[PDB]
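Below, all heavy atoms of this structure are taken into account, side chains as well, without hydrogens, waters or symmetry copies. Protein chains get the first letters and strands the later ones, always in sequence-line order, with residue 1 at the start of each.
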Amino acid sequence: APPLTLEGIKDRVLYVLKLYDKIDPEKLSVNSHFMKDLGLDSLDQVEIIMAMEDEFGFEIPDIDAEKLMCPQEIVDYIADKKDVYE
Amino acid sequence: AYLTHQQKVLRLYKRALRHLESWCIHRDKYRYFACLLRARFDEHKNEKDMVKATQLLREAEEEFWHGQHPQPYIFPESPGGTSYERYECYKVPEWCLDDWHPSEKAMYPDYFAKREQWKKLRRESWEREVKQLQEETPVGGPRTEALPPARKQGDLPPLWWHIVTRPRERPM
Amino acid sequence: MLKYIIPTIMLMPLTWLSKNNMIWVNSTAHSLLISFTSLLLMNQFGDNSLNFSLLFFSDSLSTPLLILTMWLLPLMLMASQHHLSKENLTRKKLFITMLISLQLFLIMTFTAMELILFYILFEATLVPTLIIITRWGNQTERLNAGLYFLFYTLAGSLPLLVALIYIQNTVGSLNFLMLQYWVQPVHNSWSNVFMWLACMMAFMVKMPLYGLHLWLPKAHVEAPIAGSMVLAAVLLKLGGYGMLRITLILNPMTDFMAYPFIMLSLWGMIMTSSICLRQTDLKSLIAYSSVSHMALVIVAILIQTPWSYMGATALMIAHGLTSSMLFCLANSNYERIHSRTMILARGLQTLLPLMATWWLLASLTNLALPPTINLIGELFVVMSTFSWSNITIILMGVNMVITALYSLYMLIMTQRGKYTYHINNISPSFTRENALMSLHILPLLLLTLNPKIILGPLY
Amino acid sequence: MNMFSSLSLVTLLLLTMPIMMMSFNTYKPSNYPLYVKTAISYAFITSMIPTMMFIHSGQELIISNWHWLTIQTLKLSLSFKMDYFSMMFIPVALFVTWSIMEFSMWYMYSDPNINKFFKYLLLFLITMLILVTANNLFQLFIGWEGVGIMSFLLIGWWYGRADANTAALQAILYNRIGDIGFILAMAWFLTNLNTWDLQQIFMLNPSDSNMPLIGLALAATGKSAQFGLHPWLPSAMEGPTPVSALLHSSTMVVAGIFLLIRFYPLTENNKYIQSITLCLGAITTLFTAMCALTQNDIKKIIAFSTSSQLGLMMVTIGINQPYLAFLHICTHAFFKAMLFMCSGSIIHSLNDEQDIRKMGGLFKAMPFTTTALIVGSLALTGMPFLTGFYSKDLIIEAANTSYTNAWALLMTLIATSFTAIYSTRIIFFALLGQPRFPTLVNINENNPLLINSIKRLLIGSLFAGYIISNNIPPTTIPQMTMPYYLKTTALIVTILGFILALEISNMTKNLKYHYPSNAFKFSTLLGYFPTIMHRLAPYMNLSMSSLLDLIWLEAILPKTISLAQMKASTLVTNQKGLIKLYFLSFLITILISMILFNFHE
Amino acid sequence: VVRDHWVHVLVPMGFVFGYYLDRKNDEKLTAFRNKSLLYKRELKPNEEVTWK
Amino acid sequence: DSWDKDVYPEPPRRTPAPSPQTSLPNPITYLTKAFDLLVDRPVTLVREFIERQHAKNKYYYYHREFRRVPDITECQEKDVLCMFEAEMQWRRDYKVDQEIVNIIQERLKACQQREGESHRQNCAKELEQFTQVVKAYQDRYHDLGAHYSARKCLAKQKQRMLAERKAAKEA
Amino acid sequence: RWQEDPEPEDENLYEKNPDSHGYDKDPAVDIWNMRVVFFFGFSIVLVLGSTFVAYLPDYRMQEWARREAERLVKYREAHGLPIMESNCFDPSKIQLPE
Ligand SMILES: CCCCCCCCCCCCO[C@@H]1O[C@H](CO)[C@@H](O[C@H]2O[C@H](CO)[C@@H](O)[C@H](O)[C@H]2O)[C@H](O)[C@H]1O
Ligand SMILES: CCCCCCCCCCCCO[C@@H]1O[C@H](CO)[C@@H](O[C@H]2O[C@H](CO)[C@@H](O)[C@H](O)[C@H]2O)[C@H](O)[C@H]1O
Ligand SMILES: CCCCCCCCCCCCO[C@@H]1O[C@H](CO)[C@@H](O[C@H]2O[C@H](CO)[C@@H](O)[C@H](O)[C@H]2O)[C@H](O)[C@H]1O
Ligand SMILES: CCCCCCCCCCCCO[C@@H]1O[C@H](CO)[C@@H](O[C@H]2O[C@H](CO)[C@@H](O)[C@H](O)[C@H]2O)[C@H](O)[C@H]1O
């Protein structure tokens, strides 16, 4: 499959978040905490991870998923697993 | 279980949604039921009696076991998926490069020059890394598997080599 | 046979008078020449055996064993010279001297025309073998392994000596050629029952027969590689060769005395194969594999049919080369990880790709893939044992299923899966190690092109 | 005979030179896969010349060129039987193998061990031709076990995967249990007829063939994955898709049927064996088609289709129609190998996705894959006048106009209906609807290697049945007089299967939520046969290793022997060193010497 | 001849010596040379021993 | 030809003449002509050159003829010198008789292939001759054992002869 | 506790000799020992030994027996005698008990 890049991963991670109705696509930034800033709760965070899993076609274990609390953390996690260094 | 009640509910939620997605298949159908399922969790989200909440969870687990898909969807590279461990036969450890014949190492003069620098960095950092762990581990040994970050500048995080230098997920 | 005995003895002066750094070069070079000349033993005739003199003769049963014996000496020197590299020079020469003396006794054992001469040389092999195990073994338990080997063998041999001397008294001769014409039937009596047991129980122990097999896993686990190669390849075959010669004078009593020993071999082969599935030690797995393979030879020798003796002959040669190869393969790993645990070093095909091809080839011969001589020998025993009683096909068939299971399981455990992370001293295979395996597998596969020369005198 | 005999051997010799060059290493690995693909394409052409000679003048010959070994009165030779079955299977096998290797040049392009992969594919084909052309059971046994080992090395291609090692060993386990029957046959034939050569077996024509034929039936069960020894074939989907394509078409799985066709002069006079094989095939075709109804993995659906088809071939053996069973082997080879290649095209384009639930909307996105997949599904279901019609349609008419088990017949018709149901399942979920795959679209199917390889098999799936059915000589009286409702049975039930499957497939779009029935789980979990047997049988065997044995042990233990010697030693040596006691014992020795033993008398 | 490589004749010489001893032993076993019922024959013009 | 047709007989070959009923050209005809020119001619030329080298060097080898010697029935008990020659003679006969059964089996197998679908009726003499030869071989050698000998062979025959004597005395 | 040498660290022949064949620490001996093994082992025993075995003269008179068997079959069929007669020994030379 065609290779990924750090900016490509960040573009798609936000793209998915921008299509979620509980998030304000204007307040969204790579460093927005899903809990403190975006006002989401534990249950919404789970669905965000599932959306990223469906986006990139691979599973994030629950032990790792619960710690991804801002979009940048998700981007960093994906790059580490896909060996993306751009 | 090591997991808190809060962690247990979330794992069930993610597990329940995934098995629901296997049943529905069609995305529009899955969306309709996923929202109904989220409603059931949202109904008791504010329950404050931990005997009732614990009961609600246990009953939910029993319902999931009765309703689980016998053949749920698995991501191809997840445990049990059709591509799990497919590439382990291509992952060669980096220490194998030490045994290369000189003529083999001569074809990559620049890769093997960079490799030596990393080996030097590993040799020079090791003693500090061992010391940092000794003077941070409580008497009796560690209580968790969590390792510390580096504190000083020019210090590398303790026990980093086999994490940094691990094979790529598509090594060939 | 003096064209082979004298050259073999000359290996002793050659080793002792060789320059210090040349002991392994000279002994290996000249032991290969002796192996080359051993092909002259294949001047076999349809009717008469090759009877050189009053002391020694060769027929189609001893010739393949003689060629196997002399081929093995150069292979044991290659396998030995690594782990002895730090040994004292004189003790290196004594180790090589013990191997040379073992070949000397062995080639005379297989050609002796007099059974009491056979017994003395048959029993003389104990001394060099015992010394090799206990002196150059690496663990504490090598001393107990020495005693078990020693006293299991003598427990059966001493009754054998009495029976042979009794037979010469009443028949007048123990010359094998004479016994072919002067043999008389053995009638039912308690006296003849114990004469039968004495004549056979020494050979059953060396096979080994299931029940008397527990000395073999001990010896293998504790012996050095060269001790394991000779023990598996040739020394086990002494029992089979003795049984193929002695059964001539035990008829017709073998008709009913065989039954308990066929039952032990038919059931024993299923249990030893099953045990191989749960062995944690690699050398111990291969040892229990030999017990399973040699149980076929006992059954074949005891039912006494033309097809069963051809099968048993092929099995002994084929198993000799295969079992020796497997031990050398497990030794190559041991010289790296210094352990015999099968589960310790995994996923080796990734790190040693060519050595993984040798493992595959050795395993396929062990499970007897057609048309290898391992299958040819195994098949002929199955065909004849089916005629003996149709029900045996079930036990024979089951054993082939289990034999496949543990042969490939040993291949999968050590060669496939993920490699062990912390083992980082798996250096590339040496030219010495690769040549050692090719010298087992190439001759083994070449014999498929011309298997008649390993099918014995009933071919 | 000079051109016929010479050219039928160069075909086999040509397949081995690529093997010789790799082993002899005088080749050029610059493009080894193309070299192996070229060798097949030429071997296919050279094998057509002997076939045309057979079609023309019915020519058949046996070649016994090398005397290998004599065993008293049993002489073994390298012996090749170039007859009806050999001359028709070889070109079909080579033609399909030609397509699979061309497809493999694209599918396995990024595999670092591609050269070894093509070496194993070629050896896998070489052993199948040894099996097909063998004139005696020993040479046949070489091919029998050859394909078994090559299946092991190709199913477990990704040897880092634990499940690939489990699946590879499971193929060996089941096929080796089948070989118990094969060894049984060779033992009976040697004992009772004095031969392993087929000419003598047929000439002596044993009347009492219950034992040798059950041995061959048990051998065929494992190799062809009939009920009882069936699970390994679905598990063989661990290997790369080209392995599945070649494994399931023109190599291993039809060797079991091909073995029973070789021995039709015996089975045609044994009604007991015909009943056993008919019922064995009937249960196999129903059971594995029922499992396919609810599988979500595309390769497993096609894999269970093959088991279902192999059951139908075994049914044909049962109703004493050896040549129909052979024609179905040839026709099934085309469209089955194409379906596996069409599935590989989808899997490759969806980034190694195999679950059908995450496909959809591919009808227009993958036009050529879609065309071949519809032709393949129509050929499989027995659409009039496609490759599969010329065998399946004949077989069903023969079965229901025969003196046969009524239950076996019914189960073969129901399974035929199921074939339409799970063919609709693949088409409906893979191609129709809305896309369900991830967002980053990488669908591309424009490689000429992919297109050409499927294009050639597509053409075979259309006309091959017609071409073969019109060129083979007739060897039976085909029953062509029957009621309208027996003539049209296969078409009708197949049509009902399409209708019924369409309604259920459309039934999944509704906003209803349902609990799995016991029936649904039973089919989904493959009847629980793998779940139970693969935990119970390994556990009983791996954990498998009275007072009478206590005596036989405690008494004869080396500890017992060695510990009694220790007691006796201590009694002998634990003395006080006293002159008084030693001489007192001298007195006792003398007294009992005279009083008790009369040594002085 | 070299003091380096004189030990390389011990085993080749052993073969020749052993081969010669083997031939001599055959001389002690000529009791039936040209006397077996299967093989006895009259002697050729210059023959003196059918084998040796 | 090159073997004795009497030992390995073959019925005369009857091949029908071509009688095409199609305007099309037979592909086999052209392939035959190409095979003859491309394959047969160069292969024949190489052979003829080789057979010219052989002609310049013609030497001979012979089939060993064994004189007959007294059987085991004429050997005094425990007389090894006479027993040994009768035993070697018996073993050569045993190995020869194994080959006679192979010749007859070869005739039978060749017949079954040659006749085709008519083999059941057309291979009755080969089948009959195989049945008779296998009977004789079985009576001679079957059940002797791995350590067989002329002595054991004789003892088997005597037991058979006594049984047949009682067969005639009984009727 | 008591005076003893510690176990020496295991050594790697490739460390000081990347061309090592594994036979010896001395490169000159290491190459020599390789050549005697490969030459005598492969060039001589396996190649010549296999050629020698291929051309063994009529090992155990298997070819002679066939030639003789052909001669007897030709004779007995021409003279009308049975190809093989059940009695292995001439019954005139036997004297049954009783
Ligand atoms: C079955 C047919 C042949 C049987 C022959 C049996 C005769 C005995 C042979 C072995 C003799 C060994 O003699 C002695 O045995 C015991 C155990 O057996 C060994 O001792 C070992 O086992 C014993 C108890 O099992 C332990 O207490 C001891 O710690 C352990 O070292 C001795 O180290 C050995 O010197
Ligand atoms: C590994 C263990 C193997 C165990 C094998 C067991 C085999 C058992 C063999 C039993 C046969 C023994 O031999 C049998 O006994 C005696 C010999 O004393 C013979 O008979 C002789 O002694 C008995 C004494 O009871 C008298 O009745 C009889 O008058 C006399 O002729 C039998 O005719 C003979 O057939
Ligand atoms: C079939 C005939 C076979 C004949 C074999 C030859 C017999 C040789 C007998 C040697 C016996 C003496 O060997 C001696 O056996 C005892 C067995 O308890 C061993 O005893 C071992 O286990 C016992 C308890 O089981 C311990 O108390 C002891 O500390 C330990 O050494 C001795 O370590 C060993 O020295
Ligand atoms: C018919 C039987 C034939 C048997 C053939 C056996 C072949 C064995 C080959 C061994 C070859 C060794 O021959 C070798 O020659 C050289 C000079 O001549 C000797 O001397 C050498 O010593 C060292 C090596 O240790 C060299 O660095 C030095 O340059 C050289 O002087 C060696 O000490 C000797 O080992």
Flag yes if more than 12 heavy atoms outside [X] fall under 6.0 Å of its [atom1] atom; otherwise flag no.
| X | atom1 | result |
| --- | --- | --- |
| A:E7 | CD | no |
| B:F64 | CZ | yes |
| A:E26 | CD | no |
| B:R58 | CZ | no |
| B:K52 | NZ | no |
| B:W95 | CH2 | yes |
| B:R143 | CZ | no |
| B:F112 | CZ | yes |

Considering only heavy atoms, which portion of [X] lies under 4.5 Å from any heavy atom of chain B: side chain, backbone, both, or neither?
| X | answer |
| --- | --- |
| A:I49 | side chain |
| A:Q45 | neither |
| A:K81 | backbone |

Under a 4.5 Å cut-off applied to non-hydrogen side-chain atoms, are [X] and [Y] in contact?
| X | Y | result |
| --- | --- | --- |
| B:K14 | A:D62 | yes |
| B:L10 | A:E66 | no |
| A:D54 | B:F75 | yes |
| B:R18 | A:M50 | yes |
| B:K45 | A:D41 | yes |

Is the side chain of A:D83 donor-acceptor paired with the backbone N or O of B:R168 at a distance under 3.5 Å, no angle test? no
Contact origin within B:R166 toward chain A - heavy atom pairs under 4.5 Å: side chain
Rounded to the nearest 0.5 Å, what separation is found between the CD1 atom of B:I74 and the CD atom of A:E59?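 It is 9.0 Å, given to the nearest 0.5 Å.
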Could you walk me through whether B:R38 and A:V46 pass the side chain to side chain contact (heavy atoms under 4.5 Å, CB included) check? CA-CA 11 Å; B:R38 171 54 179 283; A:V46 159; over 6 Å; no
